[PDB]
Amino acid sequence: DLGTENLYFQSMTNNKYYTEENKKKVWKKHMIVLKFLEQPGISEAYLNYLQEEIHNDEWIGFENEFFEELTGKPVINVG
Amino acid sequence: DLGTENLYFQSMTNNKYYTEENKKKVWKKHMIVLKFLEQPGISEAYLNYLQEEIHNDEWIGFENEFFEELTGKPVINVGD
């Protein structure tokens, strides 16, 4: 709803919480969302979102990750 | 489309790739998707997805994370 800040997101900006417990939790919740993004309709809406969001200068420090998502590059590096 | 597996997903199942480089990359791509999920429409579709997916026995070892997503719990644990 209008005017709310996403406290859960703001937590992820603070290196204090970048612990081994939370990195594992995020990795697994990411795998969960990845399967949602395969759903008909959602993939196309996600890409539309990415095309707008890459212009948003609030995402400073995320340039490589955005480029990768925007271009359909692997989620992780397999070496 | 039919019969393809998500090779990117399958990589994430192998502990060989659970490196500090990839954990950081995943954390940031997760933050990117989190803002997408705030978009009108998407939030409701995600929850509908979760309600089906929790019965999918293929997600063994993910029980706590699913429960948390299904019930709107914090993405990460902030102690305090």
Side-chain angles (χ1 to χ4, degrees), chain A residues 6 8-9 11-79, chain B residues 1-39 42 45-46 49-50 52-70 73-77:
Chain A
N6 190 336
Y8 297 167
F9 182 93
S11 305
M12 297 186 69
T13 60
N14 188 330
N15 193 46
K16 183 163 72 177
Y17 305 129
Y18 192 61
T19 61
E20 286 306 319
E21 162 201 16
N22 284 328
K23 291 172 216 188
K24 185 176 181 166
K25 191 172 226 44
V26 168
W27 182 288
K28 288 174 160 189
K29 288 175 189 191
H30 203 60
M31 293 175 72
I32 296 167
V33 300
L34 286 180
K35 284 273 173 209
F36 173 62
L37 300 174
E38 291 181 27
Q39 296 248 304
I42 304 299
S43 181
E44 301 79 355
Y46 180 46
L47 278 183
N48 194 62
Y49 160 82
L50 292 175
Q51 290 181 288
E52 164 173 26
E53 274 315 286
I54 56 158
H55 298 92
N56 180 359
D57 289 344
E58 295 185 338
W59 296 104
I60 40 120
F62 289 71
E63 302 85 8
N64 303 323
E65 293 80 9
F66 263 104
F67 170 94
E68 289 173 22
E69 289 290 308
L70 184 67
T71 58
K73 298 297 190 298
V75 183
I76 61 173
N77 176 219
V78 299
Chain B
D1 58 351
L2 297 174
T4 68
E5 73 224 328
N6 191 338
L7 195 123
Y8 298 167
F9 181 93
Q10 304 319 330
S11 304
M12 295 189 62
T13 60
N14 189 328
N15 201 49
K16 192 194 293 154
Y17 305 130
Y18 192 62
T19 61
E20 287 307 317
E21 164 188 44
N22 286 327
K23 293 172 216 186
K24 189 175 298 188
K25 195 177 271 314
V26 170
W27 180 288
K28 286 174 174 216
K29 288 174 186 189
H30 202 62
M31 290 175 80
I32 294 170
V33 182
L34 282 180
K35 283 274 173 211
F36 175 63
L37 300 175
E38 292 181 27
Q39 184 163 120
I42 304 300
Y46 181 46
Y49 159 83
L50 292 174
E52 166 170 305
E53 217 50 31
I54 56 159
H55 297 94
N56 180 357
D57 57 310
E58 295 188 332
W59 295 104
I60 40 66
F62 290 70
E63 302 85 9
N64 303 321
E65 293 79 8
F66 262 103
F67 172 93
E68 288 168 1
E69 289 290 307
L70 182 68
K73 297 297 187 296
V75 181
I76 60 172
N77 172 33

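All heavy atoms count here, side chains included; hydrogens, waters and symmetry mates do not. Just so we're on the same page: letters track the sequence lines, and every chain starts at 1.
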Crowded around [X] [atom1]? As in, over 12 foreign heavy atoms under 6.0 Å?
X	atom1	result
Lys24(A)	NZ	no
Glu58(B)	CD	no
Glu52(B)	CD	no
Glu20(B)	CD	yes

Please report the shortest heavy-atom distance between [X] and [Y], naming the atom on each side.
X	Y	value
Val78(A)	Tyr17(B)	O-CE2, 3.4 Å
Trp59(A)	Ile32(B)	CH2-CA, 3.7 Å
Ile76(B)	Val26(A)	CG2-CG2, 3.4 Å
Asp57(A)	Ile60(A)	O-CG2, 3.3 Å
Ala45(B)	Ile42(A)	CB-CD1, 4.3 Å
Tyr18(A)	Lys23(B)	OH-C, 3.7 Å

Is a donor on one side and an acceptor on the other found under 3.5 Å between the side chain of [X] and the backbone of [Y]?
X	Y	value
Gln39(A)	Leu37(A)	no
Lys28(A)	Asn64(B)	no
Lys29(B)	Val75(A)	yes
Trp27(B)	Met12(A)	yes

To the closest 0.5 Å, what do you measure between [atom1] ([X]) and [atom2] ([Y])?
X	Y	atom1	atom2	value
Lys73(A)	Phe67(A)	NZ	CZ	4.5 Å
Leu50(A)	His55(A)	CG	NE2	12.0 Å
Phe62(B)	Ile54(B)	CZ	CD1	15.0 Å
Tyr8(A)	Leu34(B)	OH	CG	11.0 Å
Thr19(A)	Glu21(A)	OG1	CD	5.0 Å

Checking ring pair (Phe, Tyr, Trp, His ring centres under 6.0 Å) against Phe36(A), which of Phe36(B), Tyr49(B), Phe66(B) comes through?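 When ring pair (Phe, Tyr, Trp, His ring centres under 6.0 Å) is applied between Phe36(A) and each of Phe36(B), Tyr49(B), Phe66(B), only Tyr49(B) qualifies.
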Mark yes or no: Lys35(A) above the aromatic ring of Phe9(B), with NZ or CZ under 6.0 Å from the six-membered ring centre and no more than 45 degrees from the axis.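 Yes, a cation-pi geometry.
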Suppose we screen for side chain to side chain donor-acceptor pair (under 3.5 Å). Which residues come up paired with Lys25(A), at least two apart in sequence or across chains? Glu68(B)
